[PDB]
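Down below is the structure, laid out as structure tokens.
Quick note: the coordinates plus some simple rules give every number you see, no bench work behind them. Neighbour counts run over all protein chains shown; Cβ positions are idealised from the backbone, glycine included.
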Amino acid sequence: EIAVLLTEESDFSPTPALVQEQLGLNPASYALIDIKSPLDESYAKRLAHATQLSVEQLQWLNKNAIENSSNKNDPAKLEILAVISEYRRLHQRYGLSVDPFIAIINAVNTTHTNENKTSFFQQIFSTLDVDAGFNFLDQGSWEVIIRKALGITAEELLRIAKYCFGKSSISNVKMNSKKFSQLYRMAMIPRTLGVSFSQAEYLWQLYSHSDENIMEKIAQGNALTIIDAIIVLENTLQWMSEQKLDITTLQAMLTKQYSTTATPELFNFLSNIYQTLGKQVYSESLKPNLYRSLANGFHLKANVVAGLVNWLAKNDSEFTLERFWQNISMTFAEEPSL
Amino acid sequence: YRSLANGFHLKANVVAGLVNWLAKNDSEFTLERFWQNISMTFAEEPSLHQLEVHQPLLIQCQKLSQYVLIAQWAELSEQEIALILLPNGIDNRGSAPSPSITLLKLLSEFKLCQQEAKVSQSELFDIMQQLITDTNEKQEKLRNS
Amino acid sequence: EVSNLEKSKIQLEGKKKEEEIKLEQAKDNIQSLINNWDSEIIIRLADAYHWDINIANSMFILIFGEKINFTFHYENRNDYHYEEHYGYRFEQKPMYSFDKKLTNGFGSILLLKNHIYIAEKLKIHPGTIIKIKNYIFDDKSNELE
Amino acid sequence: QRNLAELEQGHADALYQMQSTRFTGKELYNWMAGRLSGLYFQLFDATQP
Amino acid sequence: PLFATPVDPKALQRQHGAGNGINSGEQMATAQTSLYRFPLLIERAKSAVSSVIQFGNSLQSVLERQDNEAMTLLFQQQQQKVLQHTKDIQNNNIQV
Amino acid sequence: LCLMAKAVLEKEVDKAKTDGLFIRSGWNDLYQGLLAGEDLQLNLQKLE
């Protein structure tokens with residue numbers, strides 16, 4: 001919390017002084033717990049006491065998080081300890097245990113162990129096969145059980161399969177335990193929060209720019225990018241709940257659709273702007289008249305509208321107040337209509 | 001239409017919709033015939049017995065008041081009436097359906113449609129108008145305009 | 001007497017240099033009225049009512065395909081995948097003409113509401129509510145599996 | 001008392017509906033403001049010469 | 001046993017007075033001639049337009065008093081209903 | 001009367017200046033014809 005307020009940048013890179021606070025750990029313990037794909041019977045005990053976990057589950061975490069990292073040959077101790085620390089955050093704030101967190105980042109646990117009867121994969125996906133064919137371009141009998149597990153509708157499942165596989169190879173996919181993670185990942189991040197699926201898709205896609213595709217990077221990405229997406233949803237949902245701003249109002253304020261429909265309200269609004277201010281040549285004496293009549297058409301002020309038209313004179317440079325008056329004077333002839 | 005609308009507490013386009021509505025059901029009624037029946041009585045000496053003689057005005061004014069009660073109950077706008085005054089309208093029957101239970105529950109389901117949509121309702125009237133019209137007269141009408 | 005009319009010449013040229021822009025904007029916005037293809041209206045319904053494109057178009061086609069035509073659009077054979085259990089997946093934007101003024105222009109919205117409401121309430125595919133309809137009204141009894 | 005509170009909510013909805021569908025509501029004074037304030041400046045520029 | 005609770009009662013939606021639609025622009029006639037010159041025509045036309053403005057103000061006053069009377073009458077009716085349901089409350093209060 | 005005054009001033013004053021005076025009707029059927037006398041007052045003041 002003292003690092004969020006004192007960051008000039010965006011959402012923070014996982015600095016190794018923040019792993020030491022959540023994951024209970026000293027800067028002298030941080031200089032010894034160097035990692036491999038199995039750690040030891042010593043460092044695993046240290047991290048399993050630092051977490052509230054056992055040794056086997058944390059060996060699962062270290063076997064998994066190295067695979068979804070920068071390089072497979074284990075560099076970047078910082079990254080693996082960051083994955084463990086922001087496991088600890090999500091398990092402190094929610095009920096995300098070891099197996100759903102792994103299934104978010106890496107393969108769903110398919111090994112039947114010394115638990116009650118079965119693994120996490122058969123616990124969630126009731127009866128499927130790792131390395132089976134899945135024609136989810138059309139449908140199947142698996143499509144009931146995947147919606148049992150993840151809670152998705154039909155077209156949201158189709159869109160969630162458009163990402164994490166591309167729009168070329170949706171038909172013939174041999175899903176191993178790592179491809180079921182691509183589906184569990186993009187559909188359990190909303191439900192562990194208070195968000196539905198299209199709402200989380202919309203809040204991911206607004207926090208973007210006009211070119212890239214952030215949903216592909218969230219789906220097919222590393223562990224730091226998939227935890228960065230969770231930080232983005234955390235920040236955006238907290239900011240919107242701070243100000244009672246619904247997704248309906250945010251949609252009404254931020255869309256780009258602009259459905260072509262001539263409402264009678266616009267006709268009665270723009271009949272004032274031409275029937276009071278007659279046909280002219282667009283002098284600059286016409287300009288305060290145009291701002292005054294647009295301001296009094298709504299319940300606004302003249303200088304606020306003179307600010308907003310100059311505001312819109314820069315974004316969407318096709319708009320010009322001269323072009324707006326010319327478009328008013330094109331219609332509203334001797335015989336105007338809808 | 002303006003003076004009949006201001007005689008009640010109504011709007012001018014609502015009365016212009018309702019008289020054209022009643023121009024089809026009970027085809028004896030005509031706005032020209034209504035004005036001629038007004039001008040027959042109310043002579044140099046008008047009285048109440050002249051209305052007691054000329055009973056078609058006593059039919060037509062109560063007939064107007066029935067559709068005024070229906071328009072106040074269903075809370076019709078002017079474009080709500082203009083959508084049902086389309087030449088086929090709801091396509092169950094022709095233009096201007098008669099005031100039965102069928103119309104009076106069609107308007108109820110119509111108000112439910114206005115409640116469900118959560119958008120601007122003139123958008124709904126335009127969409128519903130393209131669902132009623134044919135997109136062949138509309139395209140040539142746009143080309144003419 | 002010449003220099004005062006020079007200003008009138010400048011004013012008439014100032015009017016002409018904007019009326020030419022009026023001609024250009026007219027001839028641009030009038031040579032673009034081609035794209036009326038009758039499938040955009042149900043897209044406007046899915047915009048107005050908080051629906052989605054795929055379910056609200058596949059329900060319309062799979063309900064009314066017995067009554068009206070539904071001629072689809074060319075160069076879209078692989079684009080519109082149809083199957084029995086979940087019909088008309090609509091891999092791209094749906095483009096179809098459907099031969100209007102043969103349905104009921106407002107009761108069809110009332111059908112589509114209850115169909116999509118059962119689709120969203122029981123959380124089924126849109127391709128099997130019509131199999132429920134076949135089991136109820138036509139009694140196949142082989143669809144229960 | 002619950003039915004009384006729901007009836008009062010219905011009365012508030014009825015008052016807001018007849019404030020919205022009123023003729024001399026906000027859609028009339030927006031029109032009169034946007035016309036009268038635009039014609040008043042033109043009358044001023046016709047009068048000041 | 002399990003417990004039952006209704007979730008999220010739906011609030012009502014907003015309406016507006018959409019009785020304003022398209023305007024049909026009325027055309028203007030053509031005056032033929034008059035053998036009087038311009039100052040007498042202005043001296044008469046200015047008084048005529050002043051009469052029009054006066055009756056426009058009178059029409060606006062009458063037309064807002066009509067709507068205010070409609071609002072007042074509706075409020076009287078619904079308060080008359082509320083003051084009967086309150087009597088029903090006071091009827092149960094003596095049975096207690 | 002306003003059209004009389006326009007057609008009488010178009011005798012003396014030439015028609016290159018009395019163009020935009022009485023092009024539009026000030027009446028508005030969608031409202032009750034409110035502020036229709038202001039249009040006539042402005043268009044007589046500009047004529048004068």
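Separation between the B:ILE70 and F:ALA16 pseudo-spin-labels, each 7 Å from Cα along Cα→Cβ, expressed in nm?
6.3
What relative contact order, as a whole-number percentage, does chain A give when Cα pairs under 8 Å and 6 or more residues apart are counted?
12
Starting from the Cα of E:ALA31, step 7 Å toward the Cβ, then list every residue of the stretch F:31-48 with an amide N under 11 Å from that point.
Flagged as within label range: F:44.
What relative contact order, as a whole-number percentage, does chain C give when Cα pairs under 8 Å and 6 or more residues apart are counted?
Relative contact order, chain C: 22 percent.
For E:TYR36, A:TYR30, A:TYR291, which order do you get if you count the other beta carbons within 10 Å of each Cβ and list the fewest first?
Ordered from fewest to most neighbouring Cβ atoms within 10 Å, E:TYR36, A:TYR30, A:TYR291 come out as E:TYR36, A:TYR30, A:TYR291.
Compute a Gaussian network model of chain C, connecting alpha carbons closer than 10 Å, and tell me which residue from C:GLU91, C:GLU18, C:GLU83 fluctuates the most.
Looking only at C:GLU91, C:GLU18, C:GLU83, the biggest GNM fluctuation is shown by C:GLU18.
What distance in nm separates the simple spin-label points at A:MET253 and D:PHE44, each placed 7 Å from Cα in the Cβ direction?
Here the answer is 3.5 nm between the modelled labels.
Within the set of other residues whose C-beta is less than 14 Å from the C-beta of C:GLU91, count the net charge using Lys and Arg as +1 and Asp and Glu as -1.
Overall, the nearby charge balance is +1.
Work out how far the C-alpha atoms of the stretch A:118-259 reach from end to end along every principal axis, then list the three figures in whole Å, largest first.
45, 35, 27
For the stretch A:1-128, please report how many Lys pairs fall under 16 Å Cα to Cα, leaving out neighbours fewer than 8 apart on the same chain.
7
Any chance you could give the angle, 0 to 90 degrees and rounded to 10, that helix B:31-40 forms with the longest Cα principal axis of chain B?
Approximately 10 degrees, to the nearest ten.
Can you give me the C-alpha center-to-center distance between the stretch A:177-193 and the stretch A:265-297, rounded to a whole angstrom?
Comparing the Cα centres of the stretch A:177-193 and the stretch A:265-297, I get a distance of 54 Å.
So which trypsin sites (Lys or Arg not before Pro) in the stretch C:111-145 pass both tests, a DSSP loop state and at most 13 other Cβ atoms within 10 Å of the Cβ?
Sites meeting the loop and neighbour criteria: C:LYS123, C:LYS140.
If the reach is capped at under 14 angstrom between alpha carbons, list the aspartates and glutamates near A:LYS217, excluding any in the same chain fewer than eight residues apart.
A:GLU201, A:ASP228
Identify which of A:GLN251, A:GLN275, A:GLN92 has the largest mean-square fluctuation in a Gaussian network model of chain A, with springs joining Cα atoms closer than 10 Å.
Largest GNM mean-square fluctuation: A:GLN275.
At 7 Å along Cα-to-Cβ for each site, give me the label-to-label distance between E:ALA4 and C:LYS16 in nm.
8.2
Which residue fluctuates most in the GNM of chain A (Cα springs below 10 Å): A:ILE189, A:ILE33, A:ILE104?
Looking only at A:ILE189, A:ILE33, A:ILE104, the biggest GNM fluctuation is shown by A:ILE33.
Tally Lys/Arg at +1 and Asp/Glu at -1 over every other residue whose Cβ is under 11 Å from the Cβ of A:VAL55; what's the total?
It works out to a net charge of -1.
For C:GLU1, what charge total do you get from the other residues with a beta carbon under 14 Å from its beta carbon, if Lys and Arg give +1 and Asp and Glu give -1?
Combined, the nearby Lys, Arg, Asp and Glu give +1.
For A:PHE134, what residues show an amide H to amide H distance below 5 Å, using hydrogens built from the backbone and excluding near sequence neighbours?
So A:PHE134 has HN proximity to A:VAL173, A:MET175.
Assuming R0 = 25 Å, what is the FRET efficiency of E:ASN68 and B:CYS61, from their Cβ-Cβ distance, to the nearest 0.05?
That pair, E:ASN68 with B:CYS61, gives E of 0.35.
Looking only at the stretch A:122-156, which residues have a backbone nitrogen under 15 Å from a spot 7 Å from the Cα of A:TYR202 in the C-beta direction?
It comes to A:156, nothing else.
Would you mind ranking A:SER181, B:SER122, B:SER3, A:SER10 by Cβ crowding within 10 Å, fewest neighbours first?
B:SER3, A:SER10, B:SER122, A:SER181
Classify the stretch A:6-104 as rounded, prolate or oblate, taking a ≥ b ≥ c as the square roots of the eigenvalues of its Cα gyration tensor: rounded when a/c is under 1.5, otherwise prolate if a/b is larger than b/c and oblate if not.
Judged from the Cα gyration tensor, the stretch A:6-104 comes out rounded (a/c under 1.5).
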